[PDB]
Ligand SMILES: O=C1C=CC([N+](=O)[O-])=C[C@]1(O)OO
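Consider the single chain below, provided in structure tokens and representing the form deposited without this ligand.
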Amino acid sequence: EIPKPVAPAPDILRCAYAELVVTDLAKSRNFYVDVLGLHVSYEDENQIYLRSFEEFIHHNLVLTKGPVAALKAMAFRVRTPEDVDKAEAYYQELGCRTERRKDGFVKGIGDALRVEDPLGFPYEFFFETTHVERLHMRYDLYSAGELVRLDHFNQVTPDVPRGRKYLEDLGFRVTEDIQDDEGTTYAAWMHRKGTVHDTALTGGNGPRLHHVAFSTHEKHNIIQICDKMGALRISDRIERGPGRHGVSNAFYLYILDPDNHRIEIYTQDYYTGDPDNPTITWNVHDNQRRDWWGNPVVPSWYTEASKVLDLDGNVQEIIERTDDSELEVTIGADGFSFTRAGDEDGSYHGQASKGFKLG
């Protein structure tokens, strides 16, 4: 198990940015700028820095040219400069590796601490950042598919309760989760900023990064992203969706960048900011839980996910889930799901919903 430090948690505001390593910077640029319409804060031969429509800090996304596509850092902003010190001491007491830089690891951040956390993810903590033009009323730039906010991260890790417990101590609150009747946990959603989440744990072989998620204003904006990809004839890059989530109640779409990093597009979850906000527990065999319309979850969503780096730039060793697999118990050959609890009509045995089995 992971222990609670005596030293006090840093105060975390929100998820703020991610640094992804990409192999071909021109090819990733066409996708994140031309196709999806993020806005360039700064760029050179080695890096592109990008922000959503309504953001005032330097970037929400850094693309870094490198040899192996992988997550380099997930960054959280914290409330005061002094909370960075607090991060340092707190992870020092957990016995984790930490690396601090008073001018930052990337353009347009200042005093920053990166760490290998006890599940093996590169986490960054900062306050200082260069403010840029907030574009939020720049409706002369607005695209039909506009991405307005960075909303959350999603991490793959093989023991969900162990990760859950370490993130409650750091101050995150659980909003929803997926279990069975016999006490296995399959995923958990957890928050700092009063949306459904800032990061989430998906049971699975890790450490790996499942996705990063940007927000739209309205549901038609997500539809337009699917339409555009059809017109550019890259509909093979739409992995899953669009649809409505059970868990989180948000409208969604999952797409894939040229290195197969997964991006979610996401809108219209609910408010969680009150400390007794009711938690929601779904049964794993509930076919309405991940997609409310009962559409099947494509196998790659469970199996594929992005590698993560240590502080030296080497890939983290993968540790295998031993608990039950969500893929296996729902859509595999000995799996099942239901539409109405306890009813064999609109139940599925050994296959996915709507007439499909696994290819």
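All residue numbers refer to positions in the sequence shown, first residue = 1.
Another form exists, solved in complex with this ligand; not displayed. Remarks below refer to it.
Query raised in the report: Counting only non-hydrogen atoms, which stretch in 223-231, 106-114, 285-293, 123-131 is within 4.5 Å of this ligand in the deposited complex?
Result: Only one stretch qualifies here: 285-293.
Query raised in the report: Looking at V247, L150, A75, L209, which has any heavy atom no more than 4.5 Å from this ligand in the deposited complex?
Result: Partner contact (heavy atom, 4.5 Å) among the options: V247.
Query raised in the report: Given that this ligand is left out here, which of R173, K86, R240, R164 has a heavy atom within 4.5 Å of it in the deposited complex?
Result: Selected option: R240.
Requested in this report: May I ask you to state whether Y91 is within 4.5 Å of this ligand in the deposited complex, using heavy atom distances?
Outcome: Outside the cut-off, so no.
Report task. Determine whether any heavy atom of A200 comes within 4.5 Å of a heavy atom of this ligand in the deposited complex, and answer yes or no. Result -> The answer is yes: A200 has a heavy atom within 4.5 Å of this ligand.
Query raised in the report: Is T157 close enough to this ligand in the deposited complex to count, meaning some heavy atom within 4.5 Å?
Result: No, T157 stays farther than 4.5 Å from this ligand in the deposited complex.
Query raised in the report: Is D259 a contact residue for this ligand in the deposited complex, using a 4.5 Å heavy atom cut-off?
Result: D259: no contact with this ligand in the deposited complex.
Report task. Let me know which residues along 257-277 have a heavy atom within 4.5 Å of this ligand in the deposited complex, or say none if there are none. Result -> Going through 257-277 in order - heavy atoms within 4.5 Å of this ligand in the deposited complex - the hits are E264, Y266.
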